>>> print(open('upload10.csv').read())   # CSV, N, CA, C and O atoms
chain,number,residue,atom,x,y,z
A,1,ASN,N,18.3,25.0,31.4
A,1,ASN,CA,18.3,26.4,30.7
A,1,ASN,C,19.6,27.0,31.0
A,1,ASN,O,19.9,27.5,32.0
A,2,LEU,N,20.5,26.9,30.0
A,2,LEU,CA,21.9,27.2,30.2
A,2,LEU,C,22.1,28.7,30.5
A,2,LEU,O,22.8,29.1,31.4
A,3,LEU,N,21.3,29.5,29.8
A,3,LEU,CA,21.5,31.0,29.9
A,3,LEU,C,21.1,31.4,31.3
A,3,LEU,O,21.8,32.1,32.0
A,4,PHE,N,20.0,30.8,31.8
A,4,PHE,CA,19.5,31.2,33.1
A,4,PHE,C,20.3,30.6,34.2
A,4,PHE,O,20.6,31.2,35.3
A,5,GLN,N,20.7,29.3,34.1
A,5,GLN,CA,21.6,28.7,35.1
A,5,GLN,C,22.9,29.5,35.1
A,5,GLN,O,23.4,29.7,36.3
A,6,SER,N,23.5,29.9,34.0
A,6,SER,CA,24.8,30.6,34.1
A,6,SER,C,24.6,32.0,34.7
A,6,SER,O,25.4,32.4,35.6
A,7,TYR,N,23.4,32.7,34.5
A,7,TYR,CA,23.1,33.9,35.2
A,7,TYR,C,23.1,33.7,36.7
A,7,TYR,O,23.6,34.5,37.5
A,8,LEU,N,22.4,32.7,37.2
A,8,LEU,CA,22.2,32.4,38.6
A,8,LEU,C,23.6,32.0,39.2
A,8,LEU,O,23.8,32.3,40.4
A,9,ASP,N,24.4,31.3,38.4
A,9,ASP,CA,25.8,31.0,39.0
A,9,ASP,C,26.5,32.3,39.2
A,9,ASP,O,27.2,32.4,40.3
A,10,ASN,N,26.3,33.3,38.3
A,10,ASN,CA,26.9,34.6,38.6
A,10,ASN,C,26.3,35.3,39.7
A,10,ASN,O,27.1,35.8,40.6
A,11,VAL,N,25.0,35.2,40.0
A,11,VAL,CA,24.4,35.8,41.2
A,11,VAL,C,25.0,35.1,42.4
A,11,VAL,O,25.2,35.9,43.4
A,12,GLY,N,25.2,33.8,42.4
A,12,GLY,CA,25.8,33.2,43.7
A,12,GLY,C,27.2,33.8,44.0
A,12,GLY,O,27.4,34.0,45.2
A,13,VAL,N,28.0,34.1,43.0
A,13,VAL,CA,29.3,34.7,43.3
A,13,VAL,C,29.1,36.1,43.8
A,13,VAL,O,29.7,36.6,44.8
A,14,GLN,N,28.1,36.9,43.3
A,14,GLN,CA,27.9,38.2,43.8
A,14,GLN,C,27.5,38.1,45.3
A,14,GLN,O,27.9,39.0,46.1
A,15,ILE,N,26.7,37.1,45.7
A,15,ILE,CA,26.2,37.0,47.0
A,15,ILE,C,27.4,36.7,47.9
A,15,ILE,O,27.5,37.3,49.0
A,16,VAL,N,28.2,35.7,47.5
A,16,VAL,CA,29.4,35.3,48.4
A,16,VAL,C,30.2,36.5,48.6
A,16,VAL,O,30.6,36.8,49.8
A,17,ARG,N,30.5,37.3,47.6
A,17,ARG,CA,31.4,38.4,47.8
A,17,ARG,C,30.7,39.4,48.7
A,17,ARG,O,31.4,40.0,49.6
A,18,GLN,N,29.4,39.7,48.7
A,18,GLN,CA,28.8,40.6,49.6
A,18,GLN,C,28.7,40.1,51.0
A,18,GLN,O,28.8,40.8,52.0
A,19,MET,N,28.6,38.8,51.2
A,19,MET,CA,28.6,38.1,52.5
A,19,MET,C,29.9,38.4,53.2
A,19,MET,O,30.0,38.7,54.4
A,20,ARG,N,31.0,38.3,52.4
A,20,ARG,CA,32.4,38.5,53.0
A,20,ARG,C,32.6,40.0,53.4
A,20,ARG,O,33.6,40.3,54.1
A,21,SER,N,31.7,40.9,53.0
A,21,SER,CA,31.8,42.3,53.4
A,21,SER,C,31.2,42.5,54.8
A,21,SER,O,31.2,43.7,55.3
A,22,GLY,N,30.5,41.5,55.3
A,22,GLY,CA,29.8,41.7,56.6
A,22,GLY,C,28.4,42.1,56.6
A,22,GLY,O,27.8,42.3,57.6
A,23,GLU,N,27.8,42.1,55.4
A,23,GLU,CA,26.4,42.4,55.3
A,23,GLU,C,25.5,41.2,55.7
A,23,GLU,O,25.8,40.0,55.5
A,24,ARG,N,24.3,41.5,56.2
A,24,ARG,CA,23.3,40.5,56.6
A,24,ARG,C,22.8,39.8,55.3
A,24,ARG,O,22.5,40.5,54.3
A,25,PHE,N,22.7,38.4,55.4
A,25,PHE,CA,22.3,37.7,54.2
A,25,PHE,C,21.0,38.1,53.6
A,25,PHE,O,20.9,38.4,52.4
A,26,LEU,N,20.0,38.3,54.5
A,26,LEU,CA,18.7,38.7,53.9
A,26,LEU,C,18.6,40.0,53.3
A,26,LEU,O,17.8,40.3,52.4
A,27,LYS,N,19.5,41.0,53.7
A,27,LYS,CA,19.6,42.2,53.0
A,27,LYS,C,20.2,42.1,51.5
A,27,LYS,O,19.7,42.7,50.5
A,28,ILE,N,21.3,41.3,51.4
A,28,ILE,CA,21.8,41.0,50.1
A,28,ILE,C,20.8,40.3,49.2
A,28,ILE,O,20.7,40.7,48.1
A,29,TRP,N,20.1,39.4,49.9
A,29,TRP,CA,19.1,38.6,49.1
A,29,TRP,C,18.0,39.5,48.6
A,29,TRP,O,17.7,39.4,47.4
A,30,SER,N,17.5,40.4,49.4
A,30,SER,CA,16.4,41.3,48.8
A,30,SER,C,16.9,42.1,47.7
A,30,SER,O,16.2,42.3,46.7
A,31,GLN,N,18.2,42.5,47.6
A,31,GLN,CA,18.7,43.2,46.4
A,31,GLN,C,18.9,42.3,45.2
A,31,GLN,O,18.7,42.6,44.1
A,32,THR,N,19.5,41.1,45.5
A,32,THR,CA,19.7,40.2,44.3
A,32,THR,C,18.4,39.6,43.8
A,32,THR,O,18.4,39.3,42.5
A,33,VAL,N,17.4,39.5,44.6
A,33,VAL,CA,16.1,39.1,44.1
A,33,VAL,C,15.7,39.9,42.9
A,33,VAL,O,15.1,39.4,41.9
A,34,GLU,N,16.0,41.2,42.9
A,34,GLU,CA,15.6,42.1,41.8
A,34,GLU,C,16.3,41.7,40.6
A,34,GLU,O,15.7,41.8,39.5
A,35,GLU,N,17.5,41.2,40.6
A,35,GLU,CA,18.1,40.7,39.4
A,35,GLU,C,17.4,39.6,38.8
A,35,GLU,O,17.3,39.4,37.5
A,36,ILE,N,17.0,38.7,39.7
A,36,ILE,CA,16.3,37.4,39.2
A,36,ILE,C,15.0,37.7,38.6
A,36,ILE,O,14.6,37.2,37.5
A,37,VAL,N,14.2,38.6,39.3
A,37,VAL,CA,12.9,39.0,38.8
A,37,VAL,C,13.1,39.7,37.5
A,37,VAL,O,12.3,39.4,36.5
A,38,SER,N,14.0,40.5,37.3
A,38,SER,CA,14.2,41.2,36.1
A,38,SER,C,14.6,40.3,35.0
A,38,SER,O,14.1,40.4,33.8
A,39,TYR,N,15.4,39.3,35.2
A,39,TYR,CA,15.8,38.3,34.2
A,39,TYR,C,14.5,37.6,33.8
A,39,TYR,O,14.3,37.4,32.5
A,40,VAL,N,13.7,37.1,34.7
A,40,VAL,CA,12.5,36.3,34.3
A,40,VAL,C,11.6,37.3,33.5
A,40,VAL,O,10.9,36.8,32.5
A,41,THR,N,11.4,38.5,33.8
A,41,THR,CA,10.7,39.6,33.0
A,41,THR,C,11.2,39.6,31.6
A,41,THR,O,10.3,39.6,30.6
A,42,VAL,N,12.4,39.6,31.3
A,42,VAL,CA,13.0,39.8,30.0
A,42,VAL,C,12.9,38.5,29.2
A,42,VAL,O,12.5,38.6,28.0
A,43,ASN,N,13.1,37.4,29.8
A,43,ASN,CA,13.3,36.1,29.1
A,43,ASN,C,12.1,35.1,29.1
A,43,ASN,O,12.2,34.2,28.4
A,44,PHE,N,11.2,35.3,30.0
A,44,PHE,CA,10.0,34.4,30.1
A,44,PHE,C,8.8,35.3,30.2
A,44,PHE,O,8.7,36.2,29.5
B,1,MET,N,2.8,41.3,37.1
B,1,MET,CA,3.0,41.1,38.7
B,1,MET,C,4.5,41.3,39.0
B,1,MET,O,5.0,42.4,39.0
B,2,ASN,N,5.2,40.2,39.2
B,2,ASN,CA,4.6,38.8,39.3
B,2,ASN,C,4.9,38.4,40.8
B,2,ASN,O,6.0,38.0,41.2
B,3,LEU,N,3.8,38.4,41.5
B,3,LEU,CA,3.8,38.4,43.0
B,3,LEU,C,4.0,36.9,43.5
B,3,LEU,O,4.7,36.8,44.5
B,4,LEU,N,3.6,35.9,42.8
B,4,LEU,CA,3.7,34.5,43.3
B,4,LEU,C,5.3,34.3,43.2
B,4,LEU,O,5.8,33.7,44.1
B,5,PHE,N,5.9,34.8,42.1
B,5,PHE,CA,7.4,34.6,41.9
B,5,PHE,C,8.2,35.4,43.0
B,5,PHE,O,9.1,34.8,43.7
B,6,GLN,N,7.8,36.6,43.3
B,6,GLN,CA,8.3,37.4,44.4
B,6,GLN,C,8.2,36.6,45.7
B,6,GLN,O,9.2,36.4,46.5
B,7,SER,N,7.0,36.1,46.0
B,7,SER,CA,6.8,35.2,47.2
B,7,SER,C,7.7,34.0,47.2
B,7,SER,O,8.3,33.7,48.3
B,8,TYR,N,7.8,33.4,46.1
B,8,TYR,CA,8.6,32.2,46.1
B,8,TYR,C,10.1,32.6,46.4
B,8,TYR,O,10.7,31.9,47.2
B,9,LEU,N,10.6,33.6,45.7
B,9,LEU,CA,12.0,34.0,46.0
B,9,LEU,C,12.2,34.6,47.4
B,9,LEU,O,13.3,34.2,48.0
B,10,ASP,N,11.2,35.2,48.0
B,10,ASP,CA,11.3,35.6,49.4
B,10,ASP,C,11.5,34.3,50.3
B,10,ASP,O,12.4,34.3,51.2
B,11,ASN,N,10.7,33.3,50.0
B,11,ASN,CA,10.8,32.0,50.8
B,11,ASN,C,12.2,31.3,50.5
B,11,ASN,O,12.7,30.8,51.4
B,12,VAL,N,12.6,31.4,49.3
B,12,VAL,CA,14.0,30.8,49.0
B,12,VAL,C,15.0,31.4,49.9
B,12,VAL,O,15.8,30.7,50.5
B,13,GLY,N,15.0,32.7,50.1
B,13,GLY,CA,16.0,33.4,50.9
B,13,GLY,C,15.9,32.9,52.3
B,13,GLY,O,17.0,32.7,53.0
B,14,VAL,N,14.7,32.9,52.9
B,14,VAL,CA,14.5,32.4,54.3
B,14,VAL,C,15.0,31.0,54.4
B,14,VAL,O,15.7,30.6,55.4
B,15,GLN,N,14.8,30.1,53.4
B,15,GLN,CA,15.2,28.7,53.4
B,15,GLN,C,16.7,28.6,53.4
B,15,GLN,O,17.3,27.8,54.0
B,16,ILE,N,17.3,29.5,52.6
B,16,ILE,CA,18.8,29.5,52.6
B,16,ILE,C,19.4,29.9,53.9
B,16,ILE,O,20.3,29.1,54.4
B,17,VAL,N,18.8,30.9,54.6
B,17,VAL,CA,19.3,31.2,56.0
B,17,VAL,C,19.1,30.0,56.9
B,17,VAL,O,20.0,29.7,57.7
B,18,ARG,N,18.0,29.3,56.8
B,18,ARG,CA,17.8,28.2,57.6
B,18,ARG,C,18.9,27.1,57.5
B,18,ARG,O,19.3,26.6,58.5
B,19,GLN,N,19.3,26.9,56.2
B,19,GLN,CA,20.3,25.9,56.0
B,19,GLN,C,21.6,26.4,56.4
B,19,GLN,O,22.4,25.6,57.0
B,20,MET,N,22.0,27.7,56.2
B,20,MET,CA,23.3,28.2,56.7
B,20,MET,C,23.3,28.2,58.2
B,20,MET,O,24.4,27.7,58.8
B,21,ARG,N,22.2,28.5,58.9
B,21,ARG,CA,22.1,28.2,60.4
B,21,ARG,C,22.4,26.8,60.9
B,21,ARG,O,23.0,26.6,62.0
B,22,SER,N,22.0,25.8,60.1
B,22,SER,CA,22.3,24.4,60.2
B,22,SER,C,23.7,24.0,60.1
B,22,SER,O,24.1,22.9,60.3
B,23,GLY,N,24.5,25.0,59.6
B,23,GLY,CA,25.9,24.7,59.3
B,23,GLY,C,26.3,24.4,57.9
B,23,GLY,O,27.4,24.0,57.6
B,24,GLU,N,25.3,24.4,56.9
B,24,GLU,CA,25.7,24.2,55.5
B,24,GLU,C,26.3,25.6,55.0
B,24,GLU,O,25.8,26.6,55.4
B,25,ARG,N,27.3,25.6,54.1
B,25,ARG,CA,27.9,26.8,53.7
B,25,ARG,C,27.1,27.3,52.5
B,25,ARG,O,26.6,26.5,51.7
B,26,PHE,N,27.0,28.7,52.4
B,26,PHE,CA,26.1,29.3,51.4
B,26,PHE,C,26.4,28.7,50.0
B,26,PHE,O,25.5,28.3,49.2
B,27,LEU,N,27.7,28.6,49.6
B,27,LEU,CA,28.1,28.1,48.3
B,27,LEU,C,27.6,26.7,48.0
B,27,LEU,O,27.1,26.4,46.9
B,28,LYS,N,27.6,25.7,48.9
B,28,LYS,CA,27.0,24.4,48.7
B,28,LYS,C,25.4,24.4,48.6
B,28,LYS,O,24.8,23.8,47.7
B,29,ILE,N,24.8,25.2,49.4
B,29,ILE,CA,23.3,25.4,49.3
B,29,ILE,C,23.0,26.0,47.9
B,29,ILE,O,22.0,25.6,47.3
B,30,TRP,N,23.8,26.9,47.4
B,30,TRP,CA,23.4,27.6,46.2
B,30,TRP,C,23.3,26.7,45.0
B,30,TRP,O,22.5,26.9,44.1
B,31,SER,N,24.2,25.7,44.8
B,31,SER,CA,24.1,24.9,43.7
B,31,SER,C,22.7,24.2,43.6
B,31,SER,O,22.1,24.1,42.5
B,32,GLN,N,22.1,23.7,44.7
B,32,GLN,CA,20.8,23.1,44.8
B,32,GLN,C,19.8,24.2,44.5
B,32,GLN,O,18.8,23.9,43.8
B,33,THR,N,20.0,25.4,45.0
B,33,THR,CA,19.0,26.4,44.8
B,33,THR,C,18.9,26.8,43.4
B,33,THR,O,17.8,27.1,42.9
B,34,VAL,N,20.0,26.9,42.7
B,34,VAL,CA,20.0,27.3,41.3
B,34,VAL,C,19.1,26.3,40.5
B,34,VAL,O,18.2,26.7,39.8
B,35,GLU,N,19.2,25.0,40.8
B,35,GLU,CA,18.4,24.0,40.1
B,35,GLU,C,16.9,24.2,40.5
B,35,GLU,O,16.0,24.1,39.6
B,36,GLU,N,16.6,24.5,41.7
B,36,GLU,CA,15.2,24.7,42.2
B,36,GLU,C,14.7,25.9,41.5
B,36,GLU,O,13.5,25.9,41.0
B,37,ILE,N,15.4,27.0,41.4
B,37,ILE,CA,14.8,28.2,40.8
B,37,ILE,C,14.6,28.0,39.3
B,37,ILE,O,13.5,28.4,38.7
B,38,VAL,N,15.6,27.4,38.6
B,38,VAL,CA,15.3,27.1,37.2
B,38,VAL,C,14.1,26.2,37.0
B,38,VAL,O,13.3,26.5,36.1
B,39,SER,N,14.0,25.2,37.8
B,39,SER,CA,12.7,24.3,37.7
B,39,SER,C,11.5,25.1,38.0
B,39,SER,O,10.5,24.9,37.2
B,40,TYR,N,11.5,25.9,39.0
B,40,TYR,CA,10.3,26.7,39.2
B,40,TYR,C,9.9,27.5,38.1
B,40,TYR,O,8.7,27.6,37.7
B,41,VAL,N,10.8,28.3,37.5
B,41,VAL,CA,10.5,29.1,36.4
B,41,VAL,C,10.1,28.3,35.2
B,41,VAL,O,9.1,28.7,34.4
B,42,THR,N,10.8,27.2,34.9
B,42,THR,CA,10.5,26.3,33.7
B,42,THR,C,9.1,25.8,33.8
B,42,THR,O,8.4,25.8,32.7
B,43,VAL,N,8.7,25.4,34.9
B,43,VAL,CA,7.3,24.9,35.2
B,43,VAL,C,6.2,26.0,35.2
B,43,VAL,O,5.2,25.7,34.6
B,44,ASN,N,6.5,27.1,35.8
B,44,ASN,CA,5.5,28.1,36.1
B,44,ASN,C,5.4,29.2,35.1
B,44,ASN,O,4.4,29.9,35.0
B,45,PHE,N,6.4,29.3,34.2
B,45,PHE,CA,6.4,30.4,33.2
B,45,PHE,C,6.8,29.7,31.8
B,45,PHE,O,6.1,28.7,31.5
>>> encode(input="upload10.csv", output="structure tokens")
Amino acid sequence: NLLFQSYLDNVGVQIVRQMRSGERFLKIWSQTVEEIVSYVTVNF
Amino acid sequence: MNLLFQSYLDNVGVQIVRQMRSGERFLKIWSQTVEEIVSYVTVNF
């Protein structure tokens, strides 16, 4: 699924960049989960 | 809902931390994860 795979590749770069700010991984993850659930809402 | 999907993604994040603790770098873990999440949604939705 190219559109979703490319969206998720974008979410990985978002995550890397917030990890480099010193934030705890699971905190970043709980916020980016919302992007993924929203995408699946719209598209599936 | 969709609560089974929320559950699944909560577990993905914990599994990512487990792998980073093992010494794998987030960026190498993530490529595998993207394929897992796309398969989960393709199968379940």
>>> closest_residue(input="upload10.csv", among="B:17, B:40, B:8, B:22", to="chain A", atoms="only C-alpha atoms")
B:17
>>> closest_atom_pairs(input="upload10.csv", of="chain A", to="chain B", cutoff="10 Å", atoms="only C-alpha atoms", output="tab-separated table")
residue	atom	partner	partner_atom	distance
A:1	CA	B:38	CA	7.2
A:2	CA	B:38	CA	9.6
A:4	CA	B:38	CA	7.2
A:5	CA	B:34	CA	6.6
A:6	CA	B:34	CA	9.3
A:7	CA	B:34	CA	9.5
A:8	CA	B:34	CA	6.2
A:9	CA	B:34	CA	7.3
A:11	CA	B:34	CA	9.6
A:12	CA	B:30	CA	6.6
A:13	CA	B:27	CA	8.4
A:15	CA	B:26	CA	8.9
A:16	CA	B:27	CA	7.3
A:19	CA	B:26	CA	9.2
A:25	CA	B:17	CA	7.4
A:26	CA	B:13	CA	6.7
A:27	CA	B:13	CA	9.7
A:28	CA	B:13	CA	9.6
A:29	CA	B:13	CA	6.3
A:30	CA	B:10	CA	7.7
A:33	CA	B:9	CA	6.8
A:34	CA	B:6	CA	9.1
A:36	CA	B:9	CA	8.7
A:37	CA	B:6	CA	7.4
A:40	CA	B:41	CA	7.8
A:41	CA	B:2	CA	8.8
A:43	CA	B:45	CA	9.8
A:44	CA	B:45	CA	6.2
>>> write_last_selection(input="upload10.csv", atoms="N, CA, C and O atoms", output="mmCIF file, in the coordinates of the input")
data_model
loop_
_atom_site.group_PDB
_atom_site.id
_atom_site.type_symbol
_atom_site.label_atom_id
_atom_site.label_comp_id
_atom_site.auth_asym_id
_atom_site.auth_seq_id
_atom_site.Cartn_x
_atom_site.Cartn_y
_atom_site.Cartn_z
ATOM 1 N N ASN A 1 18.300 25.000 31.400
ATOM 2 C CA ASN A 1 18.300 26.400 30.700
ATOM 3 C C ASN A 1 19.600 27.000 31.000
ATOM 4 O O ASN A 1 19.900 27.500 32.000
ATOM 5 N N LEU A 2 20.500 26.900 30.000
ATOM 6 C CA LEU A 2 21.900 27.200 30.200
ATOM 7 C C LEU A 2 22.100 28.700 30.500
ATOM 8 O O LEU A 2 22.800 29.100 31.400
ATOM 9 N N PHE A 4 20.000 30.800 31.800
ATOM 10 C CA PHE A 4 19.500 31.200 33.100
ATOM 11 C C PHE A 4 20.300 30.600 34.200
ATOM 12 O O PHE A 4 20.600 31.200 35.300
ATOM 13 N N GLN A 5 20.700 29.300 34.100
ATOM 14 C CA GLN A 5 21.600 28.700 35.100
ATOM 15 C C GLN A 5 22.900 29.500 35.100
ATOM 16 O O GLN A 5 23.400 29.700 36.300
ATOM 17 N N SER A 6 23.500 29.900 34.000
ATOM 18 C CA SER A 6 24.800 30.600 34.100
ATOM 19 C C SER A 6 24.600 32.000 34.700
ATOM 20 O O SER A 6 25.400 32.400 35.600
ATOM 21 N N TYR A 7 23.400 32.700 34.500
ATOM 22 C CA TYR A 7 23.100 33.900 35.200
ATOM 23 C C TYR A 7 23.100 33.700 36.700
ATOM 24 O O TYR A 7 23.600 34.500 37.500
ATOM 25 N N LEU A 8 22.400 32.700 37.200
ATOM 26 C CA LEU A 8 22.200 32.400 38.600
ATOM 27 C C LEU A 8 23.600 32.000 39.200
ATOM 28 O O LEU A 8 23.800 32.300 40.400
ATOM 29 N N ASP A 9 24.400 31.300 38.400
ATOM 30 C CA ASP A 9 25.800 31.000 39.000
ATOM 31 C C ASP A 9 26.500 32.300 39.200
ATOM 32 O O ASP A 9 27.200 32.400 40.300
ATOM 33 N N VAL A 11 25.000 35.200 40.000
ATOM 34 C CA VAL A 11 24.400 35.800 41.200
ATOM 35 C C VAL A 11 25.000 35.100 42.400
ATOM 36 O O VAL A 11 25.200 35.900 43.400
ATOM 37 N N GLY A 12 25.200 33.800 42.400
ATOM 38 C CA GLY A 12 25.800 33.200 43.700
ATOM 39 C C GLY A 12 27.200 33.800 44.000
ATOM 40 O O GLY A 12 27.400 34.000 45.200
ATOM 41 N N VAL A 13 28.000 34.100 43.000
ATOM 42 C CA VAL A 13 29.300 34.700 43.300
ATOM 43 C C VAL A 13 29.100 36.100 43.800
ATOM 44 O O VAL A 13 29.700 36.600 44.800
ATOM 45 N N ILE A 15 26.700 37.100 45.700
ATOM 46 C CA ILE A 15 26.200 37.000 47.000
ATOM 47 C C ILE A 15 27.400 36.700 47.900
ATOM 48 O O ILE A 15 27.500 37.300 49.000
ATOM 49 N N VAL A 16 28.200 35.700 47.500
ATOM 50 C CA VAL A 16 29.400 35.300 48.400
ATOM 51 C C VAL A 16 30.200 36.500 48.600
ATOM 52 O O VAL A 16 30.600 36.800 49.800
ATOM 53 N N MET A 19 28.600 38.800 51.200
ATOM 54 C CA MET A 19 28.600 38.100 52.500
ATOM 55 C C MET A 19 29.900 38.400 53.200
ATOM 56 O O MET A 19 30.000 38.700 54.400
ATOM 57 N N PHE A 25 22.700 38.400 55.400
ATOM 58 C CA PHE A 25 22.300 37.700 54.200
ATOM 59 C C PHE A 25 21.000 38.100 53.600
ATOM 60 O O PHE A 25 20.900 38.400 52.400
ATOM 61 N N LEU A 26 20.000 38.300 54.500
ATOM 62 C CA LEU A 26 18.700 38.700 53.900
ATOM 63 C C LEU A 26 18.600 40.000 53.300
ATOM 64 O O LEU A 26 17.800 40.300 52.400
ATOM 65 N N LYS A 27 19.500 41.000 53.700
ATOM 66 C CA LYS A 27 19.600 42.200 53.000
ATOM 67 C C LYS A 27 20.200 42.100 51.500
ATOM 68 O O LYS A 27 19.700 42.700 50.500
ATOM 69 N N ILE A 28 21.300 41.300 51.400
ATOM 70 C CA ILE A 28 21.800 41.000 50.100
ATOM 71 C C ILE A 28 20.800 40.300 49.200
ATOM 72 O O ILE A 28 20.700 40.700 48.100
ATOM 73 N N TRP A 29 20.100 39.400 49.900
ATOM 74 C CA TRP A 29 19.100 38.600 49.100
ATOM 75 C C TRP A 29 18.000 39.500 48.600
ATOM 76 O O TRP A 29 17.700 39.400 47.400
ATOM 77 N N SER A 30 17.500 40.400 49.400
ATOM 78 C CA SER A 30 16.400 41.300 48.800
ATOM 79 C C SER A 30 16.900 42.100 47.700
ATOM 80 O O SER A 30 16.200 42.300 46.700
ATOM 81 N N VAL A 33 17.400 39.500 44.600
ATOM 82 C CA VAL A 33 16.100 39.100 44.100
ATOM 83 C C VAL A 33 15.700 39.900 42.900
ATOM 84 O O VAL A 33 15.100 39.400 41.900
ATOM 85 N N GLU A 34 16.000 41.200 42.900
ATOM 86 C CA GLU A 34 15.600 42.100 41.800
ATOM 87 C C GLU A 34 16.300 41.700 40.600
ATOM 88 O O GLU A 34 15.700 41.800 39.500
ATOM 89 N N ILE A 36 17.000 38.700 39.700
ATOM 90 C CA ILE A 36 16.300 37.400 39.200
ATOM 91 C C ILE A 36 15.000 37.700 38.600
ATOM 92 O O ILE A 36 14.600 37.200 37.500
ATOM 93 N N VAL A 37 14.200 38.600 39.300
ATOM 94 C CA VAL A 37 12.900 39.000 38.800
ATOM 95 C C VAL A 37 13.100 39.700 37.500
ATOM 96 O O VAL A 37 12.300 39.400 36.500
ATOM 97 N N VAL A 40 13.700 37.100 34.700
ATOM 98 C CA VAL A 40 12.500 36.300 34.300
ATOM 99 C C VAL A 40 11.600 37.300 33.500
ATOM 100 O O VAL A 40 10.900 36.800 32.500
ATOM 101 N N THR A 41 11.400 38.500 33.800
ATOM 102 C CA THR A 41 10.700 39.600 33.000
ATOM 103 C C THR A 41 11.200 39.600 31.600
ATOM 104 O O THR A 41 10.300 39.600 30.600
ATOM 105 N N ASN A 43 13.100 37.400 29.800
ATOM 106 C CA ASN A 43 13.300 36.100 29.100
ATOM 107 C C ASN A 43 12.100 35.100 29.100
ATOM 108 O O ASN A 43 12.200 34.200 28.400
ATOM 109 N N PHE A 44 11.200 35.300 30.000
ATOM 110 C CA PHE A 44 10.000 34.400 30.100
ATOM 111 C C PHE A 44 8.800 35.300 30.200
ATOM 112 O O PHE A 44 8.700 36.200 29.500
#
>>> atom_distance(input="upload10.csv", atom1="atom CA of residue 10 of chain A", atom2="atom CA of residue 39 of chain A")
12.5 Å
>>> atom_distance(input="upload10.csv", atom1="atom CA of residue 14 of chain A", atom2="atom CA of residue 32 of chain B")
16.7 Å
>>> atom_distance(input="upload10.csv", atom1="atom N of residue 38 of chain A", atom2="atom N of residue 7 of chain B")
12.0 Å
>>> select_by_dssp(input="upload10.csv", residues="chain A", states="helix (DSSP H, G or I)", output="PyMOL selection string")
chain A and resi 2-19+25-43
